[PDB]
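First the structure, in the form of structure tokens, and then the observations on it.
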Amino acid sequence: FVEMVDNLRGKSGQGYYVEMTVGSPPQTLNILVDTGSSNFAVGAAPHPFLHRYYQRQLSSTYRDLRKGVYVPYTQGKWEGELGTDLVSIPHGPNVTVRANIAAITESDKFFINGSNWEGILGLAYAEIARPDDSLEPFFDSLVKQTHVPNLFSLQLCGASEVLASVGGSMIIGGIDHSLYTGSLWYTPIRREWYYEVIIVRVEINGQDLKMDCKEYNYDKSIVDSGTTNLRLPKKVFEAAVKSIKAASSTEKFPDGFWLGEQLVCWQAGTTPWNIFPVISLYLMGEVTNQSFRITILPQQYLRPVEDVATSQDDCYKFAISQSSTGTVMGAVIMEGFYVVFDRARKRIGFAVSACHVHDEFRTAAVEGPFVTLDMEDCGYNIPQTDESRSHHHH
Ligand SMILES: O=C(OC1CCOCC1)[C@H]1C[C@]2(CN1)C(=O)Nc1ccccc12
Ligand SMILES: [Zn+2]
Ligand SMILES: [Zn+2]
């Protein structure tokens, strides 16, 4: 896995992306790595925001599936034409794989200006693939066609005329023990659609939020490398903020700051990290009544953004935001940790990352186990729609 290290790049807040080739001869493209979707989609038309796109007509190996796909997000939208071609990852494994590619022909608010990626690589499970679960996702194709273990791992590393560049590693097919310190800890994948986990306890600076633990997972908690922020359900969010406000109270910030809408700044290098509390999410363990905590620093949830005006200032954006769709453990969280997506054992691994950013007082941590007597169920059960209910899976 030597040759897989440092295979991710991107700009801060705009996504981590891996270099993939597709087609024959190999058309080379930067692709966003996104564990919260399950389609492989590539720009195949010209767009204002694309330097270069997938040209099917220039690939001998391309096969058209004569099917359309249409894929809305909450923010953003794209549609395209389904097909298959040869695909490989230069700084990934030394194989080539035939895989489904959605060729994107039109899109509203999908491609980001300056982000330098032209596709998305969803690494979640078939259930949430579009247009339905029979479109075999890339990673399924990869395992099915090669001897590559059903596992991958992500180390997303940290962040004045452009955004900051970011780096990381996507290790396909196992674990690289130079990427993490300390113990590696695993929570169950509750269910294979999203990388859904369960949170059992939340502490802000060692203080329990003291909420029914269902609230932490309403209506779901997921891990999404293609979300920047830590997203939390409204009730959890508001308590988080009350508590972060509390400890930060020496400092008085405009509404817009906490809404993720505005920047706050200090003199170059005088930023007072110590009035901001660590956050600790306890995740369900592999053993019943067991949990383990990941602790993340203010350095993670305050995101540095380089001001053009006062460039003699360090300025930060609050990267916790509100959700109506449950908890999303995005890049803000992952950036503390080597995260291991162990699909073979239906589990997610966390360890402290060999690269994670910290001050001299505190450190992001993975620390367990903890035990609760008669730990109730913290899972939510999403109301079943009749649409959903009427689907046949044969
Ligand atoms: O569907 C996703 O994330 C949602 C978020 C909340 O959790 C449920 C799943 C993928 C696709 C994504 C980010 N990750 C998205 O949504 N817009 C968007 C826009 C550009 C790139 C990637 C995405
Ligand atoms: Zn049927
Ligand atoms: Zn099905």
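Residue numbering: from 1, along the chain as shown.
Quick check of the header: X-ray crystallography, 2.5 Å.
Cβ coordinates come from backbone N, Cα and C, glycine included.
The following features are taken from Swiss-Prot:
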ACT_SITE  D34  active site
MOD_RES   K67  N6-acetyllysine
CARBOHYD  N94  N-linked glycosylation site
CARBOHYD  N113  N-linked glycosylation site
DISULFID  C157-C355  disulfide bond
MOD_RES   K210  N6-acetyllysine
DISULFID  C213-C378  disulfide bond
MOD_RES   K214  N6-acetyllysine
MOD_RES   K220  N6-acetyllysine
ACT_SITE  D224  active site
MOD_RES   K234  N6-acetyllysine
MOD_RES   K235  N6-acetyllysine
MOD_RES   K242  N6-acetyllysine
DISULFID  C265-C315  disulfide bond
CARBOHYD  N289  N-linked glycosylation site
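Taken from the PDB entry as is:
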SEQADV    389-394  expression tag
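In the deposited model, 6 residues between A159 and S160 are left unbuilt, and the Cα atoms of these two flanking residues are separated by 13 Å. Among the recorded positions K214, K220, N289, the residue whose Cα lies closest in space to that of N94 (N-linked glycosylation site) is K220. Taking only the Cα positions, the spacing between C378 (disulfide bond) and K214 (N6-acetyllysine) is 4 angstrom. When the recorded positions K67, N113, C157, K242, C265, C315 are screened for a C-alpha within 10 angstroms of the C-alpha of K235 (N6-acetyllysine), no residue qualifies. Spatially, by CA atoms, the recorded positions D34, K67, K214, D224, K242 include one closest to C265 (disulfide bond), and that is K242. Ranking the recorded positions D34, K67, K210, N289 by the distance of their Cα atoms from the Cα of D224 (active site) places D34 first. Each residue contributes its Cα atom, and for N289 (N-linked glycosylation site) and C213 (disulfide bond) those atoms are 13 Å apart. When the modified residues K214, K234 are compared by the number of other C-beta atoms lying within 10 angstroms of their own C-beta, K234 comes out lowest. Secondary structure at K235 (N6-acetyllysine), as computed by DSSP, is helix. Secondary structure from DSSP puts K210 (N6-acetyllysine) in coil.
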